[PDB]
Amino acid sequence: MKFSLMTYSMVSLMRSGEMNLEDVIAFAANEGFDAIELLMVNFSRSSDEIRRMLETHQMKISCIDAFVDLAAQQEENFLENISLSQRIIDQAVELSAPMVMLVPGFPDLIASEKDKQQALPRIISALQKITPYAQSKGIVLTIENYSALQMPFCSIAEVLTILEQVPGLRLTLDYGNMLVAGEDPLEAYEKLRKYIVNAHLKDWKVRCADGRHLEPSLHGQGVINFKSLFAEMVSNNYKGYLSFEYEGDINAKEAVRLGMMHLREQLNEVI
């Protein structure tokens, strides 16, 4: 039950120029995380430089995240997105990350029910091509359940349908995203347990399926029940990381410090 910090949680301070990647790694080390989950949106940095940062701060990468359009209808774009996915897997090898998580589509690019219907077999086809490459390199490939309901990978049923058609594919469960999809987060974990190798933890306070809008909350101040998840995870001997995600407006370092105090308290009660 080790914790990892998503670099994506610090995006506000990276966008403002207050933190660079090394600062995020250093901050994760100082806050006691065992790893970072690295969002990779370009290959501008050399692997050498990232490996150096990780050695300096005695940090590891639990998972590399990327947004890739595996729903692309246009053949040449679709093929280049598979190639990009392979390049991300290559980066996981270079950086000693055991896992990749793909968000396999973009919400602004699904503009109708017919688009959603067509996107699903396309995503599945892409993942059947990419997952064997990940396996050959010794990398565990996952998708994430998402929060924009026009993407055909949000509900328990949707993610299960993909997982059951892609040999070897695994799941990063975003516990809070299930709430947006109208699912019970704990039920999602129970139904998808055999595929869940990574988890994102984020909270919401009171657009959903159940028709009620949510705001990002500091962990423990919203509606998500983390202790119940941790209890089941310990019971089931989950061996992946618990990744800290925050998408709100509180200063990102403060959000991590405050939310981690709640999460560690809840885990310690279960242990």
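Residue indices: 1-based, along the sequence shown.
Between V206 and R207, how many deposited residues lack coordinates (none, 1 to 3, 4 to 9, 10 or more)? The entry has a gap there, with 4 to 9 residues left out between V206 and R207.
I need to verify one thing: averaged over C-alpha atoms only, is the B-factor higher for 52-60 or for 230-238? Going by the record's values, the stretch with the higher mean is 230-238.
Of 22-30 and 208-216, the stretch whose C-alpha atoms average the higher B-factor in the entry: For C-alpha atoms only, the mean B-factor is higher in 208-216.
Can you tell me which of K114, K129, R87, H200 has the maximum CA B-factor listed in the PDB entry? Among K114, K129, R87, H200, the highest C-alpha B-factor in the entry belongs to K114.
Of the options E183, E164, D174, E158, which has the highest CA B factor as deposited? The record points to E183.
Looking at the C-alpha B-factor of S12, is it in the lowest, middle or highest third of its chain? Middle third of the chain for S12's C-alpha B-factor.
Within-chain third of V256 by Cα B-factor, per the entry: For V256, the deposited C-alpha B-factor lands in the lowest third.
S125, C-alpha B-factor rank within chain (lowest, middle or highest third): Lowest third.
Name the third of the chain's ranked CA B-factors that contains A35, choosing lowest, middle or highest. Middle third of the chain for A35's C-alpha B-factor.
Going by the CA temperature factor in the PDB record, which third of the chain does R170 belong to: lowest, middle or highest? Lowest third - that is where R170 ends up once the chain's C-alpha B-factors are sorted.
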